[PDB]
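To begin, one chain is listed below as structure tokens, in the form deposited in one PDB entry.
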């Protein structure tokens, strides 16, 4: 039990009469100690109220002799948060949530989902989609294809220089992309309020037929097949479900889905609302179940093969002899020495059920306050998540995302609404953005500065800091330190580790995972540019 009001009175001594702010601390402490509630969030919020009142005092009376005792109380409060979190756990809701928005769900994605379904038959599978937006990826590809050609045409003379910097290509192409996105967006805005009440796909189809030489019947067949396919495979529509109830969040989702065509960012929003509203486990479609821990304990990893590649090899081995997933790569497995291969084969073929190879989730016991997350390279990654319905931490991540977009949009909206070209819009946005820099936010600003070109130019990675892992990392800081909307503070490793998605419950290093991971550095830019120039007519 936290120290009593009477004990703090002893320790927090001063020649001075009790300050109002100190009386408030004592009341808040007493009221925490006297709580009869069994509600963990209620307890946490009272602790937060107390902690905040301590900071008010210490920041106002910076040389008070009470500060040593108050600082010690703050250290005890950090521990109390952990006691509350670990005081109670119970199994997460037996739901698996996947998301595929913006086009036809791939056969490969369905094969990966099937592994989870087969192994966890008692879990309810939801494959979230947007019933109005099956043509978003088609539109983005059309815009990028057209802009690539335009940029090569404009730059043809300059490209013959052996010292041509492909960044001029990516920059010029982004100018064409931005203008094409703007023409679509403005057309959308002119139509969306009509009494005919058109859908997003109605508008995309019209625009593609008008401006991109597409056939209406072909596009409609793709749209209806996409809808049938996803509904036949655990599909649940975000729109029919009314998953969004906050206009602010719907607007964030829409700015990614419609204005930017960033389906990854759109899915970042949907996965959070799915967990908030239903609870369970969120998985990217390239995640696979964990392999039984002892399955390959009798095979030793060669010194020449790294830890991650060895994980890849285990899955390659399984899929070579079981073929659960069709045409799975055997690239790394095939390079193994023959006795190792023979060894994998004996073990794998000795098993008769898939349940002898992959392990079940069973009960994933969590605190009702928390969210758990996958790690990659010691950092959180939102490709897999666990949370009970309505958890405080999931709500903190949502609050982080809202706060980050509010800041982004405060600076970006006036620039976009000026209706300038890409170059001038970017300058207006940046000038406003960087004039708001502080010691607290400066790296955040730098990370969101290239927002408009995410997905289209190398090294533009703003998503991480808006809807992705950065929002989660800051929410964990918020949780542990009883704060709200911190920006660039992060936990030490030992405070973060308790929130890790259990390793035995997840195979992250899959063939599709390795393909789908961000690679648009300067080296990939050069390779893509070579292929563009090669294919240029």
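Positions refer to the first chain, counted from 1.
The stretch with the higher mean CA B factor, choosing between 412 to 420 and 365 to 373, is 412 to 420. Higher mean CA B-factor, judged across 306 to 314 and 128 to 136 from the recorded values: 306 to 314. Note on the listed residues 358, 451, 296, 324: the highest Cα temperature factor in the record is that of 324. For the set 333, 187, 244, 392, the PDB entry assigns the largest Cα B-factor to 333. When the CA B factors of the chain's modelled residues are split into thirds, the value for residue 55 lands in the middle one. Looking at the C-alpha B-factors along this chain, the one for residue 196 belongs to the highest third. When all modelled residues of the chain are sorted by CA temperature factor, residue 328 is found within the highest third. In the deposited entry, the Cα temperature factor of residue 48 places it in the lowest third of its chain's modelled residues. Per the PDB record, residue ranking by Cα B-factor puts residue 157 in the highest third of the chain.
One more form of this protein, solved in complex with a small molecule, exists but is not displayed; see below.
When contacts are judged by a 4.5 Å heavy atom cut-off, residue 388 does not count as touching the small molecule in the bound PDB entry. Interface residue remark: residue 112 is not counted as part of the site for the small molecule in the bound PDB entry, having no heavy atom within 4.5 Å. The small molecule is not drawn, but in the bound PDB entry it has no heavy atom within 4.5 Å of residue 93.
Using a 4.5 angstroms threshold between heavy atoms, residue 524 stays clear of the small molecule in the bound PDB entry. Of the residues given (318, 99, 393, 230), 99 alone sits with a heavy atom within 4.5 Å of the small molecule in the bound PDB entry. In terms of contact with the small molecule in the bound PDB entry, the residue from 401, 204, 369, 285 that brings a heavy atom within 4.5 Å is 285.
The stretch among 328 to 336, 237 to 245, 267 to 275, 182 to 190 whose residues place heavy atoms within 4.5 Å of the small molecule in the bound PDB entry is 267 to 275.
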